[PDB]
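Chemist: Encoded as structure tokens, here's the structure I'll be asking about.
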Amino acid sequence: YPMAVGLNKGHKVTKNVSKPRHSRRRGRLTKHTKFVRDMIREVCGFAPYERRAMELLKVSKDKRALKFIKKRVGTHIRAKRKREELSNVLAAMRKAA
Amino acid sequence: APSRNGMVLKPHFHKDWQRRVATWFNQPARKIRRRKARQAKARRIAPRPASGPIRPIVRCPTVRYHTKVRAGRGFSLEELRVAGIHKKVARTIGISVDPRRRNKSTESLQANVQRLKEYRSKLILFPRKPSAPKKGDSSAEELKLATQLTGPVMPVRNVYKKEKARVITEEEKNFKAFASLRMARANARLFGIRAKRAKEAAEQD
Amino acid sequence: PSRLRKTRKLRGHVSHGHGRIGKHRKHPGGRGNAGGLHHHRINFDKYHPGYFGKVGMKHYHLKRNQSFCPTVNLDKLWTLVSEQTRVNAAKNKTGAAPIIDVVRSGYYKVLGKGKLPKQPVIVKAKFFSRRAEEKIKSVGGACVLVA
RNA sequence: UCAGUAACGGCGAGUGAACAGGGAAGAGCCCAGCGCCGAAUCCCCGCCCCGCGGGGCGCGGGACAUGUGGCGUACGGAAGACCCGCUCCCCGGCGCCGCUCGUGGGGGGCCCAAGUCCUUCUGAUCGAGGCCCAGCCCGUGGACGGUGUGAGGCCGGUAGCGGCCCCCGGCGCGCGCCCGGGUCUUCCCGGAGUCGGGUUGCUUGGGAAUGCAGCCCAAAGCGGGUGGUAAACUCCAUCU
RNA sequence: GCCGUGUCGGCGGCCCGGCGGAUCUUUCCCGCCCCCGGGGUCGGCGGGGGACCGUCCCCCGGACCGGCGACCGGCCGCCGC
RNA sequence: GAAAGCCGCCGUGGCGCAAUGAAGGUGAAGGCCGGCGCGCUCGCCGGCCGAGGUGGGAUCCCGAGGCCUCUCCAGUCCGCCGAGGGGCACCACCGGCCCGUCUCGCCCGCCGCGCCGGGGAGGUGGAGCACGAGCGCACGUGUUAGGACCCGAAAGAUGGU
RNA sequence: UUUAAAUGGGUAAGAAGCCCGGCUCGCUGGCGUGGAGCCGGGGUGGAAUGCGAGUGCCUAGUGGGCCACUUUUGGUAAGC
RNA sequence: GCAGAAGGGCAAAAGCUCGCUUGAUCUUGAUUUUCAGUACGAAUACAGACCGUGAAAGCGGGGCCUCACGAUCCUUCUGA
Ligand SMILES: [Mg+2]
Ligand SMILES: [Mg+2]
Ligand SMILES: [Mg+2]
Ligand SMILES: [Mg+2]
């Protein structure tokens, strides 16, 4: 009983399933590249804003720690992914000792 | 400056508009120029057809136009893959290829695949010196004409169905009404709200 | 035709049809729509009421294709097909009702407008109004929906 | 076309794009990176194959270059190894013959028919006349000049008219280059003081900031950008 | 001899007739989908066919006027030779 | 001949054919007949039709009577004709319908029984409906934007000598 | 200001009027009450004088006035 | 005397005292005044609610009547 408005909208056609376009697999980690970036964060180190960040993230609190990364790196959605990868440095330093 | 009952008007002539005027006195002089750009191209090519390659069946976007069929850019890889021809050999056959086009329907996928096999069976190629791989004898008895016109297989051909006559039965003259629009129109907009009240009674204990 | 116009008949008279006193100068009232509140106010009410102010919601980047639906009401409803159909439709063959889809005629919604004739139909449209479906359900017709 | 429309604006005066749709025209590609091949690459000089109108592939020396030239590769995916059934190619140069659709271009010099009889006049190109073949020519009655108004006296104009001289795009002997496609399996897969955020100017229809620029802060990798009302949550779309 | 307008017929020329029609025919004909190498109208798809209706082309009758469409015969009254 | 002609599966598009609301959205046919539900201030089923009514309304229709060389018997006509009838456009009025709001209210519907859908009755807002009139071209007048009927500054800006 | 002119202002001088019969109502209410509405019928000659009216569109110029009887305000008066 | 500037009006009152109150509330139109026959303001007659007062008919949607005030755009609060 097909109709144009509603929750089951539109002319009912059948889907073409296919392997996706190759450019959409663009920022994958590709383990060799994971090796390169992880080899280089121990020859080089951490930025001065993010060494001050993990010295709030171990003792002070986390809500004031994210509000700090909110300001230096731009958005909110970048601030949480930066915060949970600092907490995983802080876990690998402490909890693997 | 105004007067009795008339229109209030915004002519956009407050800018120096006499310098940027474009008067079309050469417009017959250019229509007879780009006829010559077609004629002296059509005999320039070959018995290869005028007006370029073959285009796909393509349905238009944007609800106003989605009921019709247009000629597109290129057939693309998915449709070239099923038809069997190579993606870079296709444009020396005379078939345009648009690799950035997607197929997400199967009805319109098979339409252009049926279109593209129909083309190759009414195509005759010319081997250089007559070895002829995948080609036979004398060229379709000299190919019945020379050069085509404004589209190979009449690329719009917007066609509709017959659907001749039915008898008005019960459950058909009874149900599918205006009310089924208004209820389905309401159920789309009360859908996210009612699934929020459903969470509220699940946290009710 | 500069021959047939007023300035030939008005050539020889001193003020050229503009007055000895007023003596048409350049722009005595202001240029364009000047004074629309101030000294041309009596003109802008009484001939353009409503002309100044906000009235609604702002809608950024509307596209004039999403709200597109042409309408055919029931008086014009039978000219979409041949006149050869409906004379063939009523010749004692059962209740065999012909199809009329307005979507291949370029219409989306079927509205009401009285005197739909006595034959049964099936009407294929994307939308309907409830006056229109109860004219069609009154002549024994059906009202089938399409997306 | 949308459209003087959504929008901007002492919301005053004014300003004001786009997407579908119809057409013109249509054509696509390459690198860095990731690996692979013993730098397999280029420039310059010297004498020569052997040449015209000079450019080289061939020979031996000096450099460039591993801080990375060249080959196969680019996001539509790619590579290697399999297995499977095909296949022998294209490019330029050199001679010469055959054409070029208005019938290839450039230049020169040519190609119809009254100056007949009377008559006017400074002088005619005026005016009148030419058998029942219509006085003559006409694919030539555009024009201009000649003592005045000229199809025929003269340049010309008409014509896939003729003949001349040079220049041009493309068939065939000798160089140079030359294994593609499908299926599966394994491995590879990308551009940073950039994106973005803040604030400050300009600009835009772009409005809780469309674009650009300064200064400050400065990324990620199932990431990033966009989805036209700021934000948090989520799902989907789309692009790279 | 003649053509106009309604009535038709010979379905005549429809298969050696034109066009038009979102009339009809799931028994025709071609490339296919739906189940157990074959099969079921078993519901259709792309294309072609041929019936029907609408209008324009000839044959025989019939209807009127023979209307600025005409010629021949005969009549009247003019005309010139 | 920079003309003219043709296209139609080149009508895409433009304006018109449908209005209303900020918007979500909705979106223009009634009158009679026969019967029934408490014929309940409300309605329901079937048939007939089909844009309601009133008052004016050009024109047209009917028309007793009237008008003609001798009197009773018949014809076409024409003129006059009181009165009567169907009434165009159009105007005034009353009623109806569609959209927005407002008050009062009750019933129905089911791809799912709900902070769901539909309907009613009265009152008001609209540039509506109530059997379509526009579109193209041309000309005229008027208004406007442009140097704008011609001529006129004192000023202002850029860049130079 | 008790009283109160003259000139002046509005209305009326019929058929959209008058009379009679019936019917609707949810308004009104002792009440076949009240009042409107609608339908049906019955009778045209309704002061003088003069004149053919009704309507709709588009619309220019104008937006400095000035004088005289008579009535009046300011001013001593004024071609104020 | 009725708040005041004047005029109108007003006597078991529109004045004075007392008793109860919040109609100085909610809502759609119509009309008048200024007038272009527009708005604002102010006013009139209603109608639909909800209330007051009174034994009651009634009266009351501010002041006995004539003046007592203000668009677009912006902000603010309120309403479903
Ligand atoms: Mg004059
Ligand atoms: Mg004038
Ligand atoms: Mg003037
Ligand atoms: Mg200056």
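Chain labels follow the order of the structure tokens: the first chain is A, the next B, and so on; residue numbering restarts at 1 in every chain, and ligands are counted from 1 in their shown order.
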Set the distance at 12 Å and use only C-alpha atoms (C1' of nucleotides): which residues neighbour residue E:10 once local chain neighbours fewer than 6 positions away are removed? I'd like the list as a PyMOL selection string.

Modeler: chain E and resi 58-61

Chemist: Please check the contacts: residues of chain C at most 10 Å away from chain G, using only C-alpha atoms (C1' of nucleotides), listed as a ChimeraX atom specification.

Modeler: /C:17-22

Chemist: Using the selection just defined, write its residues with C-alpha atoms as a PDB file, in the first residue's frame.

Modeler:
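The new file again04.pdb reads:
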ATOM      1  CA  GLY C  17       2.177  69.934 -20.978  1.00  0.00           C
ATOM      2  CA  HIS C  18       3.632  70.372 -17.491  1.00  0.00           C
ATOM      3  CA  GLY C  19       2.328  73.695 -16.233  1.00  0.00           C
ATOM      4  CA  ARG C  20       3.412  77.288 -15.932  1.00  0.00           C
ATOM      5  CA  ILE C  21       3.508  77.005 -12.152  1.00  0.00           C
ATOM      6  CA  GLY C  22       4.581  73.505 -11.193  1.00  0.00           C
TER       7      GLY C  22
END

Chemist: What are the residues of chain B lining chain F at 9 Å or less? Count only C-alpha atoms (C1' of nucleotides), and put the answer as a PyMOL selection string.

Modeler: chain B and resi 1-4+6+8-17+25-29+156-158+179-180+182-183+186-187

Chemist: In Å, with one decimal, what is the gap from atom CA of residue B:34 to atom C1' of residue D:25?

Modeler: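 According to the coordinates, atom CA of residue B:34 and atom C1' of residue D:25 are separated by 10.0 Å.
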
Chemist: Pick out the chain F residues within 10 Å of chain C. Count only C-alpha atoms (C1' of nucleotides). Give them as a PDB file with N, CA and C atoms (P, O5', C5', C4', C3', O3' and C1' of nucleotides), in the first residue's frame.

Modeler:
ATOM      1  P     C F  17      -5.226  31.735 -12.146  1.00  0.00           P
ATOM      2  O5'   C F  17      -5.726  30.320 -12.660  1.00  0.00           O
ATOM      3  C5'   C F  17      -6.943  30.199 -13.371  1.00  0.00           C
ATOM      4  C4'   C F  17      -7.131  28.812 -13.927  1.00  0.00           C
ATOM      5  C3'   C F  17      -7.264  27.694 -12.927  1.00  0.00           C
ATOM      6  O3'   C F  17      -8.487  27.669 -12.226  1.00  0.00           O
ATOM      7  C1'   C F  17      -5.839  27.000 -14.641  1.00  0.00           C
ATOM      8  P     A F  18      -8.489  27.210 -10.690  1.00  0.00           P
ATOM      9  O5'   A F  18      -8.123  28.527  -9.879  1.00  0.00           O
ATOM     10  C5'   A F  18      -6.778  28.790  -9.498  1.00  0.00           C
ATOM     11  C4'   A F  18      -6.637  28.972  -8.008  1.00  0.00           C
ATOM     12  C3'   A F  18      -5.250  28.650  -7.463  1.00  0.00           C
ATOM     13  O3'   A F  18      -5.070  29.349  -6.232  1.00  0.00           O
ATOM     14  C1'   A F  18      -6.789  27.189  -6.517  1.00  0.00           C
ATOM     15  P     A F  22      -0.695  34.062   8.787  1.00  0.00           P
ATOM     16  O5'   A F  22       0.699  33.324   8.640  1.00  0.00           O
ATOM     17  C5'   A F  22       1.772  33.930   7.944  1.00  0.00           C
ATOM     18  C4'   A F  22       3.087  33.494   8.520  1.00  0.00           C
ATOM     19  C3'   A F  22       3.441  32.035   8.316  1.00  0.00           C
ATOM     20  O3'   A F  22       4.059  31.809   7.068  1.00  0.00           O
ATOM     21  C1'   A F  22       3.727  32.603  10.582  1.00  0.00           C
ATOM     22  P     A F  23       3.588  30.589   6.156  1.00  0.00           P
ATOM     23  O5'   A F  23       3.894  29.323   7.059  1.00  0.00           O
ATOM     24  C5'   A F  23       5.223  28.852   7.192  1.00  0.00           C
ATOM     25  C4'   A F  23       5.342  27.853   8.306  1.00  0.00           C
ATOM     26  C3'   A F  23       4.721  26.501   8.043  1.00  0.00           C
ATOM     27  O3'   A F  23       5.590  25.649   7.317  1.00  0.00           O
ATOM     28  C1'   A F  23       4.045  27.284  10.159  1.00  0.00           C
ATOM     29  P     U F  26      -1.940  17.614   4.841  1.00  0.00           P
ATOM     30  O5'   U F  26      -3.390  18.182   4.517  1.00  0.00           O
ATOM     31  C5'   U F  26      -4.454  18.040   5.441  1.00  0.00           C
ATOM     32  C4'   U F  26      -5.320  19.270   5.499  1.00  0.00           C
ATOM     33  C3'   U F  26      -6.213  19.517   4.308  1.00  0.00           C
ATOM     34  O3'   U F  26      -7.372  18.720   4.268  1.00  0.00           O
ATOM     35  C1'   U F  26      -5.105  21.499   4.812  1.00  0.00           C
ATOM     36  P     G F  27      -7.846  18.142   2.856  1.00  0.00           P
ATOM     37  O5'   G F  27      -8.093  19.433   1.984  1.00  0.00           O
ATOM     38  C5'   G F  27      -9.265  20.193   2.178  1.00  0.00           C
ATOM     39  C4'   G F  27      -9.195  21.471   1.398  1.00  0.00           C
ATOM     40  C3'   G F  27      -9.438  21.340  -0.084  1.00  0.00           C
ATOM     41  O3'   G F  27     -10.814  21.322  -0.382  1.00  0.00           O
ATOM     42  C1'   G F  27      -7.519  22.635   0.273  1.00  0.00           C
ATOM     43  P     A F  28     -11.381  20.375  -1.536  1.00  0.00           P
ATOM     44  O5'   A F  28     -12.942  20.664  -1.515  1.00  0.00           O
ATOM     45  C5'   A F  28     -13.571  21.266  -2.631  1.00  0.00           C
ATOM     46  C4'   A F  28     -14.174  22.608  -2.307  1.00  0.00           C
ATOM     47  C3'   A F  28     -15.201  23.115  -3.298  1.00  0.00           C
ATOM     48  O3'   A F  28     -16.480  22.580  -3.040  1.00  0.00           O
ATOM     49  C1'   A F  28     -13.711  24.863  -2.678  1.00  0.00           C
ATOM     50  P     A F  29     -17.227  21.724  -4.159  1.00  0.00           P
ATOM     51  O5'   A F  29     -18.702  22.313  -4.173  1.00  0.00           O
ATOM     52  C5'   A F  29     -19.368  22.626  -2.958  1.00  0.00           C
ATOM     53  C4'   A F  29     -20.822  22.231  -2.993  1.00  0.00           C
ATOM     54  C3'   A F  29     -21.098  20.757  -2.727  1.00  0.00           C
ATOM     55  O3'   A F  29     -22.362  20.630  -2.094  1.00  0.00           O
ATOM     56  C1'   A F  29     -21.862  21.320  -4.881  1.00  0.00           C
ATOM     57  P     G F  30     -22.468  20.274  -0.537  1.00  0.00           P
ATOM     58  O5'   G F  30     -23.899  20.840  -0.129  1.00  0.00           O
ATOM     59  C5'   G F  30     -24.152  22.234  -0.128  1.00  0.00           C
ATOM     60  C4'   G F  30     -25.164  22.623  -1.177  1.00  0.00           C
ATOM     61  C3'   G F  30     -26.574  22.080  -1.002  1.00  0.00           C
ATOM     62  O3'   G F  30     -27.355  22.785  -0.057  1.00  0.00           O
ATOM     63  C1'   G F  30     -25.891  21.710  -3.211  1.00  0.00           C
ATOM     64  P     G F  50     -29.642  17.440 -14.792  1.00  0.00           P
ATOM     65  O5'   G F  50     -28.921  18.454 -13.801  1.00  0.00           O
ATOM     66  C5'   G F  50     -29.525  19.697 -13.479  1.00  0.00           C
ATOM     67  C4'   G F  50     -28.945  20.294 -12.222  1.00  0.00           C
ATOM     68  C3'   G F  50     -27.469  20.630 -12.258  1.00  0.00           C
ATOM     69  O3'   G F  50     -27.199  21.844 -12.920  1.00  0.00           O
ATOM     70  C1'   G F  50     -27.937  19.475 -10.274  1.00  0.00           C
ATOM     71  P     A F  51     -25.684  22.305 -13.134  1.00  0.00           P
ATOM     72  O5'   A F  51     -25.396  23.244 -11.890  1.00  0.00           O
ATOM     73  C5'   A F  51     -26.004  24.522 -11.820  1.00  0.00           C
ATOM     74  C4'   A F  51     -26.188  24.982 -10.400  1.00  0.00           C
ATOM     75  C3'   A F  51     -26.150  26.489 -10.232  1.00  0.00           C
ATOM     76  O3'   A F  51     -26.984  26.873  -9.154  1.00  0.00           O
ATOM     77  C1'   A F  51     -24.332  25.521  -9.072  1.00  0.00           C
ATOM     78  P     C F  98     -16.566  23.124   3.499  1.00  0.00           P
ATOM     79  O5'   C F  98     -15.260  23.758   2.863  1.00  0.00           O
ATOM     80  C5'   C F  98     -14.478  23.030   1.938  1.00  0.00           C
ATOM     81  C4'   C F  98     -13.258  23.811   1.546  1.00  0.00           C
ATOM     82  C3'   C F  98     -12.400  24.316   2.685  1.00  0.00           C
ATOM     83  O3'   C F  98     -11.552  23.329   3.237  1.00  0.00           O
ATOM     84  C1'   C F  98     -12.733  26.048   1.130  1.00  0.00           C
ATOM     85  P     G F 118      -7.044  14.738  11.203  1.00  0.00           P
ATOM     86  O5'   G F 118      -8.550  14.445  10.807  1.00  0.00           O
ATOM     87  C5'   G F 118      -8.829  13.587   9.718  1.00  0.00           C
ATOM     88  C4'   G F 118     -10.245  13.089   9.752  1.00  0.00           C
ATOM     89  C3'   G F 118     -11.304  14.114  10.064  1.00  0.00           C
ATOM     90  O3'   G F 118     -11.578  14.981   8.989  1.00  0.00           O
ATOM     91  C1'   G F 118     -11.753  12.173  11.279  1.00  0.00           C
ATOM     92  P     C F 129     -12.613  33.173  -6.742  1.00  0.00           P
ATOM     93  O5'   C F 129     -13.488  31.884  -6.461  1.00  0.00           O
ATOM     94  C5'   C F 129     -12.941  30.596  -6.666  1.00  0.00           C
ATOM     95  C4'   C F 129     -13.893  29.530  -6.214  1.00  0.00           C
ATOM     96  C3'   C F 129     -15.243  29.538  -6.892  1.00  0.00           C
ATOM     97  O3'   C F 129     -15.233  28.857  -8.129  1.00  0.00           O
ATOM     98  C1'   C F 129     -15.517  29.340  -4.554  1.00  0.00           C
ATOM     99  P     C F 131     -21.436  29.488 -11.138  1.00  0.00           P
ATOM    100  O5'   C F 131     -20.635  28.617 -12.196  1.00  0.00           O
ATOM    101  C5'   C F 131     -19.217  28.651 -12.237  1.00  0.00           C
ATOM    102  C4'   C F 131     -18.648  28.017 -13.482  1.00  0.00           C
ATOM    103  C3'   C F 131     -19.156  28.572 -14.811  1.00  0.00           C
ATOM    104  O3'   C F 131     -18.069  28.634 -15.730  1.00  0.00           O
ATOM    105  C1'   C F 131     -19.461  26.246 -14.760  1.00  0.00           C
ATOM    106  P     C F 139       4.912  48.730 -30.959  1.00  0.00           P
ATOM    107  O5'   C F 139       3.783  49.822 -30.728  1.00  0.00           O
ATOM    108  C5'   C F 139       3.227  50.505 -31.834  1.00  0.00           C
ATOM    109  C4'   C F 139       1.882  51.098 -31.522  1.00  0.00           C
ATOM    110  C3'   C F 139       1.822  52.113 -30.405  1.00  0.00           C
ATOM    111  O3'   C F 139       2.336  53.391 -30.708  1.00  0.00           O
ATOM    112  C1'   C F 139       0.050  50.605 -30.160  1.00  0.00           C
ATOM    113  P     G F 140       3.075  54.206 -29.542  1.00  0.00           P
ATOM    114  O5'   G F 140       1.886  54.777 -28.661  1.00  0.00           O
ATOM    115  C5'   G F 140       0.881  55.589 -29.245  1.00  0.00           C
ATOM    116  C4'   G F 140      -0.296  55.761 -28.327  1.00  0.00           C
ATOM    117  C3'   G F 140       0.008  56.359 -26.978  1.00  0.00           C
ATOM    118  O3'   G F 140       0.197  57.751 -27.018  1.00  0.00           O
ATOM    119  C1'   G F 140      -1.438  54.535 -26.710  1.00  0.00           C
ATOM    120  P     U F 141       1.431  58.393 -26.236  1.00  0.00           P
ATOM    121  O5'   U F 141       0.901  58.505 -24.755  1.00  0.00           O
ATOM    122  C5'   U F 141      -0.208  59.337 -24.493  1.00  0.00           C
ATOM    123  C4'   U F 141      -0.909  58.956 -23.225  1.00  0.00           C
ATOM    124  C3'   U F 141      -0.103  59.085 -21.960  1.00  0.00           C
ATOM    125  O3'   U F 141       0.025  60.416 -21.512  1.00  0.00           O
ATOM    126  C1'   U F 141      -1.269  57.047 -21.946  1.00  0.00           C
ATOM    127  P     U F 144       7.241  59.758 -11.485  1.00  0.00           P
ATOM    128  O5'   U F 144       8.237  58.520 -11.383  1.00  0.00           O
ATOM    129  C5'   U F 144       8.485  57.916 -10.127  1.00  0.00           C
ATOM    130  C4'   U F 144       9.082  56.538 -10.233  1.00  0.00           C
ATOM    131  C3'   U F 144      10.521  56.467 -10.692  1.00  0.00           C
ATOM    132  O3'   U F 144      11.478  56.844  -9.727  1.00  0.00           O
ATOM    133  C1'   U F 144       9.276  54.869 -11.862  1.00  0.00           C
ATOM    134  P     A F 145      12.644  57.843 -10.178  1.00  0.00           P
ATOM    135  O5'   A F 145      13.933  56.926 -10.297  1.00  0.00           O
ATOM    136  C5'   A F 145      14.100  55.790  -9.471  1.00  0.00           C
ATOM    137  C4'   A F 145      14.822  54.688 -10.199  1.00  0.00           C
ATOM    138  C3'   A F 145      16.009  55.101 -11.045  1.00  0.00           C
ATOM    139  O3'   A F 145      17.185  55.256 -10.284  1.00  0.00           O
ATOM    140  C1'   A F 145      14.656  53.604 -12.256  1.00  0.00           C
ATOM    141  P     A F 148      19.278  63.473 -15.268  1.00  0.00           P
ATOM    142  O5'   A F 148      18.256  63.615 -16.474  1.00  0.00           O
ATOM    143  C5'   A F 148      16.860  63.710 -16.230  1.00  0.00           C
ATOM    144  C4'   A F 148      16.066  63.195 -17.400  1.00  0.00           C
ATOM    145  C3'   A F 148      14.806  62.410 -17.044  1.00  0.00           C
ATOM    146  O3'   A F 148      13.806  62.640 -18.019  1.00  0.00           O
ATOM    147  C1'   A F 148      16.245  61.059 -18.310  1.00  0.00           C
ATOM    148  P     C F 149      12.715  63.774 -17.775  1.00  0.00           P
ATOM    149  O5'   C F 149      12.988  64.756 -18.985  1.00  0.00           O
ATOM    150  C5'   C F 149      13.252  64.223 -20.271  1.00  0.00           C
ATOM    151  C4'   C F 149      13.651  65.299 -21.232  1.00  0.00           C
ATOM    152  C3'   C F 149      14.832  66.130 -20.800  1.00  0.00           C
ATOM    153  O3'   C F 149      16.073  65.520 -21.053  1.00  0.00           O
ATOM    154  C1'   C F 149      13.114  67.551 -21.522  1.00  0.00           C
TER     155        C F 149
END

Chemist: Pick out the chain C residues within 7 Å of chain D. Count only C-alpha atoms (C1' of nucleotides). Give them as a PyMOL selection string.

Modeler: chain C and resi 34+53-54+60-62

Chemist: May I ask you to extract the residues of chain E within 10 Å of chain B, using only C-alpha atoms (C1' of nucleotides), and to give them as a PDB file with C-alpha atoms (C1' of nucleotides), in the first residue's frame?

Modeler:
ATOM      1  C1'   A E  22      -3.187   6.260 -21.544  1.00  0.00           C
ATOM      2  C1'   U E  23      -9.442   1.094 -26.776  1.00  0.00           C
ATOM      3  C1'   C E  24      -8.792  -4.479 -26.443  1.00  0.00           C
ATOM      4  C1'   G E  31      15.776 -11.679 -24.806  1.00  0.00           C
ATOM      5  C1'   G E  46      11.773  -5.233 -23.380  1.00  0.00           C
TER       6        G E  46
END

Chemist: Run DSSP on the backbone and tell me which residues of stretch 72-105 of chain B come out as alpha helix (DSSP H); list them as a ChimeraX atom specification.

Modeler: /B:77-83,90-93

Chemist: Tell me which protein, DNA and RNA residues are within 12 Å of residue F:42, counting only C-alpha atoms (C1' of nucleotides), leaving out same-chain ones fewer than 3 positions away, and put them as a ChimeraX atom specification.

Modeler: /F:37-39,105-107,120-121

Chemist: Find the residues around stretch 27-42 of chain G up to 12 Å (only C-alpha atoms (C1' of nucleotides) counted), leave out those fewer than 4 positions away in its own chain, and share them as a list in words.

Modeler: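 Selected residues are residues 53, 54 and 94 of chain F; 18, 19, 20, 21, 22 and 23 of chain G.
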
Chemist: Only C-alpha atoms (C1' of nucleotides), please: the residues just picked out, written as a PDB file, in the first residue's frame.

Modeler:
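Saved file out20.pdb follows:
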ATOM      1  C1'   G F  53     -32.871  31.966  -3.667  1.00  0.00           C
ATOM      2  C1'   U F  54     -35.295  36.996  -3.835  1.00  0.00           C
ATOM      3  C1'   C F  94     -30.251  36.390   1.685  1.00  0.00           C
TER       4        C F  94
ATOM      5  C1'   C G  18     -51.416  49.545   1.436  1.00  0.00           C
ATOM      6  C1'   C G  19     -54.612  45.356   2.850  1.00  0.00           C
ATOM      7  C1'   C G  20     -55.704  39.862   3.667  1.00  0.00           C
ATOM      8  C1'   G G  21     -54.629  34.654   4.310  1.00  0.00           C
ATOM      9  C1'   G G  22     -51.144  31.018   5.879  1.00  0.00           C
ATOM     10  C1'   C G  23     -46.112  28.989   7.867  1.00  0.00           C
TER      11        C G  23
END

Chemist: Near residue D:168, counting only C-alpha atoms (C1' of nucleotides), which residues have an atom at most 12 Å away, once you skip same-chain residues fewer than 5 positions from it, shown as a list in words?

Modeler: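 The filter keeps residues 100, 104, 105 and 106 of chain D.
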
Chemist: Include C-alpha atoms (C1' of nucleotides) and write out the residues we just selected as a PDB file, in the first residue's frame.

Modeler:
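File produced: again_37.pdb:
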ATOM      1  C1'   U D 100      40.848  17.451 -49.715  1.00  0.00           C
ATOM      2  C1'   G D 104      42.418  22.998 -48.549  1.00  0.00           C
ATOM      3  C1'   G D 105      45.124  27.799 -48.403  1.00  0.00           C
ATOM      4  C1'   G D 106      48.207  31.829 -50.792  1.00  0.00           C
TER       5        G D 106
END
